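Enquirer: I am attaching a structure below and will ask some questions about it afterwards.
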Ligand SMILES: [Zn+2]
Ligand SMILES: [Zn+2]
């Protein structure tokens, strides 16, 4: 508990309650003034204050009764998939059955209809083939009591039972109606008139053979076709439509789709029932990828007798495939083919009559449309890495090759005008055959350049994955494991393919030696015979909450998003995994903040201590104003088009009921912890199973290792954000008020932290002209020039003392926020805000680690990524694993994947990954180099110390002359200088000017300063500087410097007379220091709130 309040938190009256009660799940002090009562639903009734808590009560009532019904009617308990579907069925929500290959969709459909018939409600269950209509009824009749009115209908019906049904349908108040999809398509109007409380559908593809079926289903749950028409017009218009709130439909359930839900009619489901008819994207694999170093036909035989049965071969072409079919046939192995008998030779291996099936890439990779049995295919062999090959000659070289070359050469730049015959012409006249290849190899980084056969080989990560995933599918709760063995000797191919698999699938392909075959086979076949065994299912649902959609944008990019439930103010995605279902959605920002109105600008004080009072946030989409106070129109532009975060909080309460375990994965700081608390505290009366995880790499690995350090809400971090939020709110309102009563303007003062910085800027202009010293540039003959104290005139430099030594240069530690700002706002024409903004996009997309740190630590994973790159570039022996830091809060800014910035451009223009700009790539490049510089070999050089006498005045100049041994300098370059003989040198020309010893400020110099001085934290660095630009206290010039405006000078000068102890660096640093000790729990929380308070009242008197 942090002793705070939330204005719309209460589970009951839906209003104000504390931070200490809602955690325990109790209603507010008004609903239930009892401290720790025995029951809630009992006591609230005894106080005549029972209101909305009634819903969450009868919810768990009808659920546990439903769960009791299944347990009594059927065998064991519900599965995680079913438990999610059951909670959706009691709320009355329509949804898609997101599930793997037969988890029990047909089974659940009956128990619902039976449990709804027991209540009195009637339903209808639709299946494709009529063979299913009977078996559904066959199990139905021998299950339910005599009470239920079970009727059936199909094509091959009896002569008199056929008519017996249709009269009962039009009349007799039935309970369960089982019929075929054929029935729904033909008997449209009959069904449309009637109404069902529940409608179950098996094969959704059979239903989607027409538009007369979608309209029917919607009318089969109590929706007039009048609404459908108006809804059908708006989805046609180009946007979305909202169903009449007073309309109360039934419950429709559809299964996963085989093909894509293409059309406009399926959009009716999303806007009339708040659910999207999704298809099954099941990227849930557990495969071990091993690679054999060479196409040794003897070694394949060695592996085929390790697997014995259930092996697959993938040859590059039908040629070398037929060859392998000949070779193995002489060794008497049960081996078939696919290029001949696509059907018969397949079904034989399906039985066990054949042990090995040799296939191709575009033959079997295209003939996989039938069944695909993942319980037979245990092993997959790749006789040659799947890829495409283009021969480069006069012609034959594809258009995209001649494009990118001449794009950088210059002749195709004419609006990128594409041509077939013309691009051949451009080649011959300009480039010789040798010149052409040297240009292609110099441009196309990432792919394979085979100058021998004059071919271009580009790895097919798509084909490799599809051929691999045929040995790993989720069958009956258990997820079986397959093994993929690659046979490629061309090291450029194997490395290029391994890169894009670690980019897309994130799966390490390993060498042959570091893999135990007889050990891998065991955990493959044992996993196989466990999938078959009487599974005591253990699949479950999971909810995960982030604060940014961009995080979620890529979260779904590695999970396997199958559907999207637009639930209120947010949109929750759900994917398929081995642990069951997994739900995840974003908050699109914060949720709570201090109320500008009452209290000390949002702070109450009771029982001696301080109490913050929070409210839901509303960010307008038109003007963009942000406020906490509950309003309907934006008090800036009067637009009702607002974004109420309380409609998100209440939205998450609905979803919190459905899922089992809920995890909050936000920004691992104090800002992301404040949000993580406002949500867990909100979903604590609802769910009582909610934990915290902190993600640093938005990938498979960074997610797994985030749950390996799962914890609960650290209140110190929450306290830390509060104290700081209170700080700039209290002081920031006081000082800005002083400006109102002077300079006139309202909102100006951003606080204390941003104002002290302006103090440096005003007094940087002051001590600027103080050091305007005369200097001279001295261009030297045969050697490099240098600058010294000016006004010299003798044209001769005399070497006095010289000494050479062999020093070894070590690189600089990885980027922090202070480092990745300055060294990138320098080397790129960028401001600290734009730099930091690009960084967030690089982290929340899974390209770099956490972009808001102060540590330099690099874990073994970071060091291993570095080495695996140097081993890819060819120089593995220049690697040096540097720990860099013992005390590591977070981890230093580093690339999460061993892929250089040029390999990234290639993947994008190839058509694999996307959503990147050049402003992004140069920021990734700048970091990729720096990290790999900070993880390479040291440079052994040889530098000299020249002491030269110029105009009677000595001077010591140290410079590197030789690089004796290479190292880290391959990434971040090292500047060498020409040698100095111990002779006399003359000056060619002189440039006389007068720069300053004490220079000026830039956007980087500020961050540079407030890091040394100790003012601000990594998150606040980009903000503070840009804020000064915003208010108008600082302007830029020719050199893009930092100077105080006419406004900025008067503002700071005013404060230094009347309010100096509040804006002093020596006190500003003392606050950030103390507040950082609150973050670790060294200085008391309520203590530092009194200290902020004490200085405020003294300020409120001047
Ligand atoms: Zn209440
Ligand atoms: Zn507005």
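Enquirer: Under the condition of being within 15 Å of ligand 1 (Cβ to nearest atom) and not in a helix (DSSP H, G or I), which residue from region 36-70 is surrounded by the most Cβ atoms within 10 Å (Cβ to Cβ)?
Expert: Taking the candidates together, the pick is 50.
Enquirer: Looking at region 686-700 only, could you name the residues that are farther than 15 Å from residue 547 by Cβ and part of a strand (DSSP E or B)?
Expert: 690, 691
Enquirer: Look at region 946-970 and say how many of its residues are over 30 Å from residue 776 (Cβ atoms) and not in a strand (DSSP E or B).
Expert: 5
Enquirer: If residue 943 satisfies every condition in (1) touching a strand residue (DSSP E or B) at 6+ places or on another chain (Cβ under 7 Å); (2) over 21 Å from residue 550 (Cβ atoms); (3) in a helix (DSSP H, G or I) but one, which is the exception?
Expert: Of everything listed in (1) touching a strand residue (DSSP E or B) at 6+ places or on another chain (Cβ under 7 Å); (2) over 21 Å from residue 550 (Cβ atoms); (3) in a helix (DSSP H, G or I), residue 943 misses just condition (3).
Enquirer: Looking at region 11-26, which of its residues are on the phi > 0 side of the Ramachandran plot and within 12 Å of ligand 1 (Cβ to nearest atom)? Explain how you work it out, then say what you get.
Expert: Quick first cut of region 11-26, residues on the phi > 0 side of the Ramachandran plot only: 14, 25.
Residue satisfying the conditions is 14 alone.
Enquirer: Another question about this same structure. Only residues that are surrounded by 15 or more Cβ atoms within 10 Å (Cβ to Cβ) and more than 16 Å from ligand 1 (Cβ to nearest atom): list them for region 637-646, please.
Expert: Selection gives 642, 643, 644, 645.
Enquirer: Another question about this same structure. Need the failing condition index for residue 645 against (1) on the phi < 0 side of the Ramachandran plot; (2) more than 16 Å from ligand 2 (Cβ to nearest atom); (3) in contact (Cβ under 8 Å) with a residue 60 or more places away in the chain, just the number.
Expert: Failed condition: (2).
Enquirer: Would you check if residue 618 is closer than 27 Å to residue 57 by Cβ, surrounded by 17 or more Cβ atoms within 10 Å (Cβ to Cβ) and within 16 Å of ligand 2 (Cβ to nearest atom)?
Expert: Details: closer than 27 Å to residue 57 by Cβ: no; surrounded by 17 or more Cβ atoms within 10 Å (Cβ to Cβ): yes; within 16 Å of ligand 2 (Cβ to nearest atom): yes.
No: the conditions fail for residue 618.
Enquirer: With under 22 Å from residue 738 (Cβ atoms) and in a helix (DSSP H, G or I) as the only criterion, which of 1026, 1060, 1066, 1072 stands out? Steps first, answer last, please.
Expert: Values: 1026 fails: under 22 Å from residue 738 (Cβ atoms); 1060 fails: in a helix (DSSP H, G or I); 1072 fails: under 22 Å from residue 738 (Cβ atoms).
1066 is the lone residue from the list that is under 22 Å from residue 738 (Cβ atoms) and in a helix (DSSP H, G or I).
Enquirer: Go through the residues of region 1044-1059 one by one and say whether even a single one is out of contact with any strand residue (DSSP E or B) (no Cβ under 9 Å at 6 or more places or on another chain) and buried (at least 19 other Cβ atoms within 10 Å of the Cβ).
Expert: Looking through region 1044-1059, at least one residue is out of contact with any strand residue (DSSP E or B) (no Cβ under 9 Å at 6 or more places or on another chain) and buried (at least 19 other Cβ atoms within 10 Å of the Cβ).
Enquirer: Being at positive phi and under 24 Å from the mean Cα position of the chain (by Cα) is true for just one of 588, 653. Which residue is that?
Expert: Values: 653 fails: at positive phi.
After applying the criteria, what remains is 588.
Enquirer: I'm trying to understand the selection: among the residues of region 206-216, which are more than 15 Å from residue 264 (Cβ to Cβ) and surrounded by 18 or more Cβ atoms within 10 Å (Cβ to Cβ)? First the steps, then the outcome.
Expert: Let us first name the residues in region 206-216 that are more than 15 Å from residue 264 (Cβ to Cβ), namely 206-207, 209, 216.
Across region 206-216, the qualifying residues are 206, 207, 216.
Enquirer: To continue, here is another question. In region 628-636, is there at least one residue being within 16 Å of ligand 2 (Cβ to nearest atom), over 15 Å from the mean Cα position of the chain (by Cα), surrounded by 17 or more Cβ atoms within 10 Å (Cβ to Cβ) and not assigned by CATH to the domain that holds residue 844?
Expert: Filtering region 628-636 for residues within 16 Å of ligand 2 (Cβ to nearest atom) gives 628-636.
Still in the running and over 15 Å from the mean Cα position of the chain (by Cα): 628-636.
Filter once more, keeping what is surrounded by 17 or more Cβ atoms within 10 Å (Cβ to Cβ): 628, 634.
Within this subset, residues satisfying the condition of being not assigned by CATH to the domain that holds residue 844 are 628, 634.
Looking for residues that are within 16 Å of ligand 2 (Cβ to nearest atom), over 15 Å from the mean Cα position of the chain (by Cα), surrounded by 17 or more Cβ atoms within 10 Å (Cβ to Cβ) and not assigned by CATH to the domain that holds residue 844, one finds at least one in region 628-636, hence yes.
This table checks each residue for (1) within 16 Å of ligand 2 (Cβ to nearest atom); (2) outside the structural domain of residue 628 (by CATH); (3) over 19 Å from residue 686 (Cβ atoms).
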site	(1), (2), (3)
6	no, no, no
23	no, no, no
32	no, no, no
57	no, yes, no
61	no, yes, no
65	no, yes, yes
68	no, yes, yes
74	no, yes, yes
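Enquirer: Return the residues of region 648-673 that are away from ligand 1 (no atom under 16 Å from the Cβ) and either touching a strand residue (DSSP E or B) at 6+ places or on another chain (Cβ under 8 Å) or free of Cβ contacts under 8 Å to residues at least 40 places away in the same chain (or both); say none if nothing qualifies. Reasoning before the result, please.
Expert: Just the residues of region 648-673 that are away from ligand 1 (no atom under 16 Å from the Cβ), to begin with: 648, 651-652, 654-673.
Hits for region 648-673 are 652, 655, 656, 658, 659, 660, 661, 662, 663, 664, 665, 666.
Enquirer: Does region 923-939 contain at least one residue that is more than 26 Å from residue 777 (Cα to Cα) and in a strand (DSSP E or B)?
Expert: Among the residues of region 923-939, at least one is more than 26 Å from residue 777 (Cα to Cα) and in a strand (DSSP E or B), which makes the answer yes.
Enquirer: For region 399-412, what are the residues that are in contact (Cβ under 8 Å) with a residue 24 or more places away in the chain and surrounded by fewer than 15 Cβ atoms within 10 Å (Cβ to Cβ)?
Expert: If we filter region 399-412 for residues that are in contact (Cβ under 8 Å) with a residue 24 or more places away in the chain, which is where we start, we get 399, 401-402, 404-405, 408-409.
Result: 399, 408.
Enquirer: Out of the residues in region 95-120 meeting the condition of being closer than 27 Å to residue 567 by Cα and assigned to a loop (DSSP other than H, G, I, E, B), tell me which one is farthest from the chain's Cα centre (by Cα).
Expert: The qualifying residue farthest from the chain's Cα centre (by Cα) is 104.
Enquirer: Right, next: Can you pull out every residue in region 913-923 that is under 17 Å from the mean Cα position of the chain (by Cα) and either exposed (fewer than 14 other Cβ atoms within 10 Å of the Cβ) or touching a residue at least 40 places away in the same chain (Cβ under 8 Å) (or both)?
Expert: Those that are under 17 Å from the mean Cα position of the chain (by Cα) and either exposed (fewer than 14 other Cβ atoms within 10 Å of the Cβ) or touching a residue at least 40 places away in the same chain (Cβ under 8 Å) (or both): 913, 914, 915, 920.
Enquirer: Separate question: Taking residue 134, is it touching a residue at least 60 places away in the same chain (Cβ under 8 Å) and assigned to a helix (DSSP H, G or I)? Spell out how you get there, then give the answer.
Expert: Details: touching a residue at least 60 places away in the same chain (Cβ under 8 Å): no; assigned to a helix (DSSP H, G or I): yes.
Spelling it out, it is not the case that residue 134 is touching a residue at least 60 places away in the same chain (Cβ under 8 Å) and assigned to a helix (DSSP H, G or I).
Enquirer: Here's a follow-up. Any residue at all in region 323-334 that's touching a helix residue (DSSP H, G or I) at 6+ places or on another chain (Cβ under 8 Å) and in a loop (DSSP other than H, G, I, E, B)?
Expert: For region 323-334, residues touching a helix residue (DSSP H, G or I) at 6+ places or on another chain (Cβ under 8 Å) and in a loop (DSSP other than H, G, I, E, B): present.
Basis: the model, the stated rules and, where named, an outside source; these are not laboratory values. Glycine gets a Cβ as well: all are built from the backbone with ideal geometry, and neighbour counts include every protein chain shown.
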